[PDB]
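Numbering of residues begins at 1 and proceeds along the displayed sequence.
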Amino acid sequence: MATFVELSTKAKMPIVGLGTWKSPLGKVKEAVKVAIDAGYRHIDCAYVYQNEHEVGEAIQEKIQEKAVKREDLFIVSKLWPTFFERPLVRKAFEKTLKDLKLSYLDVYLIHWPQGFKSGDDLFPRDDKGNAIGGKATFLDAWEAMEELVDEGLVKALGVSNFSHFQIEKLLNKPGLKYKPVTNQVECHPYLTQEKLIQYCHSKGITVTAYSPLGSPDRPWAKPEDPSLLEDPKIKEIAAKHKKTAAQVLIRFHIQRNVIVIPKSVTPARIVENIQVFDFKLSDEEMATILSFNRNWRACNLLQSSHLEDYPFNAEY
Ligand SMILES: NC(=O)c1ccc[n+]([C@@H]2O[C@H](COP(=O)([O-])OP(=O)(O)OC[C@H]3O[C@@H](n4cnc5c(N)ncnc54)[C@H](OP(=O)(O)O)[C@@H]3O)[C@@H](O)[C@H]2O)c1
Ligand SMILES: Oc1c(F)c(F)c(-c2c(F)c(F)c(O)c(F)c2F)c(F)c1F
């Protein structure tokens, strides 16, 4: 099996999960099926990925075939920032829950802190492709999301792409009902997030590492961009353990008690990515890997950088 990180709610969040961004229809269903078979219990989803209906199919299949029980699955989705207006929070969540064919979510995340123009255009933008903002804020969103927890439709709330300033704004809001259980952010040896992980952990907030393999198929990749999978120094450590680069990149987070959600639709890779509980990176190897920090992001979202709550201006 695979280990977990205990949340502030005492719920157990499986430390490896399956990413689903850009997992195509026609592949994502088989991907979820192979992952469950391979021992994955945590699946990371989102409204904006537009494939929740197929993830839902796969989960239902495995449950009705007795491969797994709902209570042993840990399903996460995210509210997109075109839906921060209160009534849209409900409508957006209802579509996610119905697509996923579930009666509750384990975690529901604010996907990004900056609000976008409210509505069903997911990427409202000007002529240059710059995001158009909305006046509803992540605090408005959180307020409405808290009702879902009151109603037992979501077990816990969290945030994604929040800086420590934005988490402080959240924690320090008077009249807060629920606290975020996780902050899902990009994290890997080129962006080690030392200060942000230290902050979150000090507040009882776990970290979920996204793009842990450096998202090698991001359509905006430039050949001069760094490549973690092909990095000779990462590959050196892999070799030392007779493991793959990807397995080292995943194990890196487990050893920092950080949840990690590599994405694949390739059955061999889905299996490979969870074969990370039979080796250990040594203290010196962990130190070497941490030294690779470049403060480099695969996910800059520069087209939203002019917005008030754009998260990446702050140091952490
Ligand atoms: N909250 C956010 O704003 C946010 C942002 C980014 C990502 N995420 C979440 O985090 C998940 C993971 O991040 P990501 O999808 O950006 O990138 P990633 O997991 O770092 O990398 C995925 C890419 O690596 C390939 N791959 C997977 N396993 C491999 C292996 N063992 N060896 C070689 N290549 C491998 C995949 O190919 P194949 O699929 O073709 O096998 C895919 O092209 C996302 O899917 C999403 O769930 C969240
Ligand atoms: O959940 C997300 C995701 F998985 C992404 F890859 C992106 C994403 C991103 F943050 C970026 F910065 C990109 O340049 C990109 F192409 C993306 F797909 C994103 F915005 C998300 F909200």
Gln303 and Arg125: CA distance, side-chain angles, deciding distance, side chain to side chain contact (heavy atoms under 4.5 Å, CB included) verdict:
CA-CA 9 Å; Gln303 303 305 70; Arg125 56 210 192 263; over 6 Å; no

Shortest non-hydrogen separation from [X] to [Y] and the atoms involved:
X	Y	result
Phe312	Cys299	CE1-O, 3.4 Å
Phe84	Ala141	CD1-CB, 3.5 Å
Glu186	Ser211	CG-CB, 4.2 Å
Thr288	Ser291	O-OG, 2.6 Å
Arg41	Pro14	CB-CG, 4.1 Å
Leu171	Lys179	CD2-CG, 4.1 Å

As a test of understanding, state which of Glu151, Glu85, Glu146 forms a salt bridge (charged side-chain N to carboxylate O under 4.0 Å, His left out) with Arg90.
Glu151

Between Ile15 and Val260, does a side chain to side chain contact (heavy atoms under 4.5 Å, CB included) hold up when you go through it step by step?
CA-CA 6 Å; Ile15 203 171; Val260 59; 5.6 Å; no

I'd like to know whether the aromatic ring centres of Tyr49 and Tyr47 sit less than 6.0 Å apart in this structure.
no

Is the distance between the ring centroids of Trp80 and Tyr108 under 6.0 Å?
no

Is there any salt bridge (charged side-chain N to carboxylate O under 4.0 Å, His left out) pair reaching into residues 209-222, and which pairs are they, with sequence neighbours excluded?
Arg218-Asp225

Do the charged groups of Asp44 and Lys78 touch, with an N to O distance under 4.0 Å?
yes

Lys62 with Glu65: basic N within carboxylate O range, under 4.0 Å:
yes

Nearest 0.5 angstrom please: [X] [atom1] to [Y] [atom2], how far?
X	Y	atom1	atom2	answer
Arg70	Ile75	CZ	CD1	5.5 Å
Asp106	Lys12	CG	NZ	12.0 Å
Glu315	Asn295	CD	CG	8.5 Å

Is the shortest side-chain heavy-atom distance between [X] and [Y] below 4.5 Å?
X	Y	answer
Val248	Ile250	no
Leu157	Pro180	no
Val16	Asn273	no
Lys173	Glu143	yes
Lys29	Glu61	yes
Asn183	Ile167	yes
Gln60	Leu102	no
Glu194	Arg256	yes

Main-chain N/O of [Y] paired to [X] side chain as donor or acceptor, under 3.5 Å:
X	Y	value
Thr182	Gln184	no
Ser305	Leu302	yes
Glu30	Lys27	no
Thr82	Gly119	yes
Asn161	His111	yes
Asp126	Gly129	yes
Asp231	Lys233	yes
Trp112	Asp309	no
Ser264	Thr266	yes
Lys263	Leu213	no

Are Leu122 and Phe83 close enough, and set up right, to give a side chain to side chain contact (heavy atoms under 4.5 Å, CB included), and what steps lead you there?
CA-CA 9 Å; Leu122 301 185; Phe83 307 116; 3.7 Å; yes

So with a 6.0 Å cut-off around CG of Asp283, is the heavy-atom count from everything else above 12?
no

Could you tell me whether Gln198 atom CD has more than 12 heavy atoms of other residues or ligands within 6.0 Å of it?
no

Those residues at least two apart in sequence (or on a different chain) that pass salt bridge (charged side-chain N to carboxylate O under 4.0 Å, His left out) with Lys95 are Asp99

Listed by chain and number, what are the salt bridge (charged side-chain N to carboxylate O under 4.0 Å, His left out) partners of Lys240, not counting sequence neighbours?
none

Grouping I, L, V, M, F, W and Y whenever their side-chain heavy atoms are under 4.5 Å apart, do [X] and [Y] come out in a common cluster?
X	Y	answer
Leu79	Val149	yes
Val76	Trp21	yes
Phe4	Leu18	no
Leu88	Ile132	no
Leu7	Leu148	yes

Using the ring pair (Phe, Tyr, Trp, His ring centres under 6.0 Å) rule, collect all pairs that involve residues 144-188, keeping only residues at least two apart or in two chains.
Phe138-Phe162, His164-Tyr199, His164-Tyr316, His188-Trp296

Where at least one partner belongs to residues 226-257, residue pairs that pass ring pair (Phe, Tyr, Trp, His ring centres under 6.0 Å), sequence neighbours excluded
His241-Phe279

Compute whether any side-chain donor of one residue and acceptor of the other, for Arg251 and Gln247, lie under 3.5 angstrom apart.
no

Between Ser304 and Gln114, does any side-chain donor sit less than 3.5 Å from a side-chain acceptor?
yes

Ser77: which residues meet the side chain to side chain donor-acceptor pair (under 3.5 Å) condition with it, sequence neighbours left out?
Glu52

Does the side chain to side chain contact (heavy atoms under 4.5 Å, CB included) test come out yes or no for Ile261 and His42, once each step is laid out?
CA-CA 8 Å; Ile261 48 166; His42 170 189; 3.7 Å; yes

Cation over ring face, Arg294 and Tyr190, 6.0 Å, 45°
yes

Qualifying residue, where the test is side chain to side chain contact (heavy atoms under 4.5 Å, CB included) with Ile259 and the options are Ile254, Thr206, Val207:
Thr206

